[PDB]
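Peer 1: Once you've seen the sequence and the experimental structure below, I've got questions.
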Amino acid sequence: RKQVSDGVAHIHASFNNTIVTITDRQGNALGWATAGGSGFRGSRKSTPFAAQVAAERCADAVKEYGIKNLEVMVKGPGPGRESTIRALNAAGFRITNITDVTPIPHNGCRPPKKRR
Amino acid sequence: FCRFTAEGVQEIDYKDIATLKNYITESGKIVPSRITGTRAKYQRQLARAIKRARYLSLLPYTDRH
Amino acid sequence: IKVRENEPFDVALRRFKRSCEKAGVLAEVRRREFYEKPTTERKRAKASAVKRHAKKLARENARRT
Amino acid sequence: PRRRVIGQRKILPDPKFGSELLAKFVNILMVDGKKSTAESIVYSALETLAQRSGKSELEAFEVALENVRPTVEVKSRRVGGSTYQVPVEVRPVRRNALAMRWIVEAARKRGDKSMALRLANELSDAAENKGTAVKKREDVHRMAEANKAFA
RNA sequence: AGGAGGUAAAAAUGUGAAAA
RNA sequence: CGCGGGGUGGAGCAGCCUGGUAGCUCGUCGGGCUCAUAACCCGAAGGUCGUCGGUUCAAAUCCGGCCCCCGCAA
RNA sequence: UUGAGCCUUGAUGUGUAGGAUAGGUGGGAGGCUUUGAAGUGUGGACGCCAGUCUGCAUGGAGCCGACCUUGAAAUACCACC
RNA sequence: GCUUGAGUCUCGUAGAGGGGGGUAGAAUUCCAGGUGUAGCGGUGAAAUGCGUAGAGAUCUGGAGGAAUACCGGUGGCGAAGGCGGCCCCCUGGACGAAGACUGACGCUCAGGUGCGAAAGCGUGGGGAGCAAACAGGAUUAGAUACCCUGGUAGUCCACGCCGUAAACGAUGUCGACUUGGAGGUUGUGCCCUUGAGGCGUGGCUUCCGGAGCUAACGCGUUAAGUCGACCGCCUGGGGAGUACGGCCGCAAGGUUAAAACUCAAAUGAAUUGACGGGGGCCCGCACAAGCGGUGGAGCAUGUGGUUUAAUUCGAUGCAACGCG
């Protein structure tokens, strides 16, 4: 709860899951989001619909937490990528900032080779 | 497709702040010569001023800080 | 990298990525260099670009239109 | 079946009053070509709908159609890589025929008393939104809508 | 129309001799 | 002797703290997707639910006592 | 502080009958009414998703017990649970 | 002896030229807290792997090693292999306008000599990620297979060593000579710097193509065109670039290099069909939408199967089965 105004939701968007716990810039973490824990296994793991139903079930009972607008920091491609946080804006909960931090290196350490 | 050294002599240096930031973009990319139409030998100098001012902290290595 | 707009956005509305990459540099420069082949795949599509250039010059013959 | 084009053709009407949509409902229940028999009984099916409603012919049948008439269609459409069920629009060419084909199929089962007494049920099953015409339609509206990704 | 994104399950064998 | 637990088609494993279904697979039969073989998909035989007894609308399940076994200390 | 034992107590109890998600026993018959009702905006402890109950309340002062289909009474009340 | 060959100096041009030393941020990421709900995970789907001590996830803090996103381009430099952020250091070679200088000192080269991807190997460090060998789950008629989650050596810097490649523009090097179009291109001459230039000059490079040439393909002023200098190499295919011996190397092997025997073919270019799970398009109930059913079941015919003295026979992948 804690009854605050806004917050900093950092979204680690993997190729399979838009993992986001309702977090803050100070570490205050309450409300999870999972593309597998919201059901949707099989082909439905990397599907955008898995994330969106999980994102509404991420902002579940957060009105009591006081939080309305949340700083989205989306990291990676993400299964939804344009609807996960958008339906939250379509439901009304606007975003203070969408900082899509793509972690681009200068091609340092050698990357793997899956899908031979 | 601009006034170049044959006519428009110009020092391509990292000291001149104006022209240095005129070929950059917000997405962490020096704008290539395929659209701006700069000359190649000066493009190498255009390339160098970015790496030079990246050390001077006129431009970062990323864009989010 | 950033699509906010902050007062009047209310939706995603992200065609900035659809016009630049949208998956481009993430799904290609994530891994797998190989250091040997791509240049031919670059040049063959560049030959296709040459073929796109060659076919545009041979448009005006008669065409019956 | 790639460029099939033709205007819609004609069928046999009802000789009591002027109604083409209700007469189209007759041809569906007309099976094996024994049209005269069930046409007399679709008239009694109209009679037994006129007791659970008491309003009219094409208002009792309308209420027995508006709680059943569809709007959307189920179709498996891929974006290119995988198949999934999507809620897509039905054309009115099928839609007008869709709802009337259902109440006929609703009465093809439950053969307890005569055809009047079965369609007594299926019309009020339709008039109050509690029929196999709509419960199976409720399943389609719930399976497509639960997985909409693209259009 | 120049650039772009987007694209799909495991499936094997049939030894000999027949060219005016 | 006593804290516990286990007996389930010809054999193996869930059903048990929530009673309403006696099921999941192997070997067995055939019918087809192939042009032929193969990978594959269905309906099924057959278990006194260890036995007897008691409540309940009804008992594998919830309980009584007894025959037969296995993890431990007398 | 936690997992148990036990308190003032806090809930909860559907082959089938069903206004009633009734564990047996059990008795008299009005509880209820400003030591501020019979309704509902709304989160939700209960869950066999069948369904009532508690606080607040713009209002504001009504109602059913036996009597009935049930093997049993109707969380009206109710001793031990 | 001069000079157009060749060579030297002058003066500017550009560059991942070589190596050595710092640097910086990001990035998978380990040492953990914060705070926190049950999965994380992966694909064809599932799963071993993995987390309730609180992982994925979360931001601030801390430790690195190894490589440099955009720039970046059929772009540059180097003999080639090959070399890519930045910055100064010692140092390579090429080019260019125009002068002065010695005056044929050159061109190629058996032998010899040096350099020489990666992998491998030797001693020592170093190890983050990737990943041989190695583990498991499944797909499977087989899995020492794709897909999938762990991981060693190796990658790593320094010194050695090996000396192999599709080390390949599959074209030796040197110089002369022979229509052009269109890109990239850096020194550089004149004109109006009038203005995004006009008009050239040459180094080098890319593509389409002329005569010619070529088996044809195509190459085509960087030739495979027209000639000359000289080195190296081939004589049908397999056997075999192996055997034996020498040589070199720590070894793995490299290297120089047959014969016997066997066969009458091996091959290359291009042409017309056939097929491709090669890509696109048009199209027949193929699919799509419903309607009706063969199959079930009660009966009839047909043939096989199983029996019979005969239960004829021919048809019997698609084109046999109510067929003759």
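Peer 2: Nice, I can see it. Numbering: from 1, shown residues only, chains lettered A, B, ... in the order given.
Peer 1: CA only for contacts and neighbour counts going forward, please
Peer 2: OK.
Peer 1: can you give me the strands in chain D?
Peer 2: Here chain D has its strands, by DSSP state E, at D:72-76, D:85-89.
Peer 1: Give me every residue in chain A lying close to chain C.
Peer 2: Chain A comes close to chain C at residues A:77, A:82-83, A:85-87, A:89-90, A:92, A:94-102, A:111-113, as judged by CA under 8 Å from any CA of the partner chain.
Peer 1: Out of those, which end up buried?
Peer 2: Buried residues within the residues of chain A next to chain C, counting neighbours by 16 or more other CA atoms under 10 Å in any protein chain shown: A:77, A:82-83, A:85-87, A:89, A:94-102.
Peer 1: Could you check how far stretch B:19-34 is from the centre of its chain?
Peer 2: How far stretch B:19-34 lies from its chain's middle: 6 Å, per CA atoms, centre = their mean, to the nearest Å.
Peer 1: what's the span of it, first residue to last?
Peer 2: Using CA to CA, to the nearest Å, the span of stretch B:19-34 from its first residue to its last is 18 Å.
Peer 1: list the buried ones in that stretch?
Peer 2: Applying a neighbour-count criterion of 16+ other CA under 10 Å, the buried positions in stretch B:19-34 are B:19-20, B:23.
Peer 1: Now render these as CSV, adding secondary structure and distance to chain C.
Peer 2: Below are these laid out as CSV (DSSP: H, G, I helix; E, B strand; the rest coil; distance: CA to the nearest CA, whole Å):
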residue, secondary structure, distance to chain C
B:19, helix, 24
B:20, helix, 22
B:23, helix, 18
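Peer 1: ok, those vs residue D:2, which is closest?
Peer 2: Nearest to residue D:2 out of the buried residues of stretch B:19-34 is residue B:23 (CA to CA; 53.2 Å).
Peer 1: How about the contacts made by the residue lying closest to the closest one once chain neighbours are set aside?
Peer 2: Leaving out its chain neighbours, the residue that sits closest to residue B:23 by CA to CA, 6 or more residues apart in numbering or on different chains is residue B:31, at 5.4 Å. Shown in contact with residue B:31 (CA atoms under 8 Å, 6 or more residues apart in numbering or on different chains): B:23-25.
Peer 1: need those in TSV with distance to residue D:11, can you?
Peer 2: Formatted as TSV, the contacts of residue B:31 follow (distance: CA to CA, whole Å):
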residue	distance to residue D:11
B:23	73
B:24	72
B:25	69
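Peer 1: now, among those, which is nearest to RNA strand E?
Peer 2: Distance to RNA strand E across the contacts of residue B:31 (CA to the nearest atom of the strand) is lowest for residue B:25, with 16.2 Å.
Peer 1: and that closest one, what are its bridge partners?
Peer 2: Beta-bridge pairing of residue B:25 under DSSP bridges involves residue B:29.
Peer 1: Run through who's touching the longest helix along chain B.
Peer 2: Criterion DSSP state H: the longest helix present in chain B is helix B:40-55. Under the criterion CA under 8 Å, 6+ apart, residues B:12-14, B:20, B:30, B:33, B:59-61 lie in contact with helix B:40-55.
Peer 1: which of the residues you listed lies closest to residue C:56?
Peer 2: Set against residue C:56, the nearest of the contacts of helix B:40-55 by CA to CA is residue B:33 (23.8 Å).
Peer 1: ok, the nearest residue to residue A:56 once chain neighbours are set aside to residue A:55 distance?
Peer 2: Leaving aside its sequence neighbours, residue A:56 sits nearest to residue A:88 (CA to CA, 6+ apart; 6.8 Å). From residue A:88 across to residue A:55, the span is 8 Å (CA to CA).
Peer 1: More neighbours: those two, which one.
Peer 2: Legend: neighbour count by other CA atoms under 10 Å in any protein chain shown for residue A:88 and residue A:55, higher for residue A:55 (28 against 20).
Peer 1: Report the closest residue of chain C relative to RNA strand H.
Peer 2: Closest approach between chain C and RNA strand H, counting by CA to the nearest atom of the strand: residue C:47, at 5.4 Å.
Peer 1: Check chain D too.
Peer 2: Closest point on chain D to RNA strand H, by CA to the nearest atom of the strand, is residue D:1, at 4.7 Å.
Peer 1: do you know how far that residue is from residue C:34?
Peer 2: 48 Å.
Peer 1: No further queries at this time; thank you.
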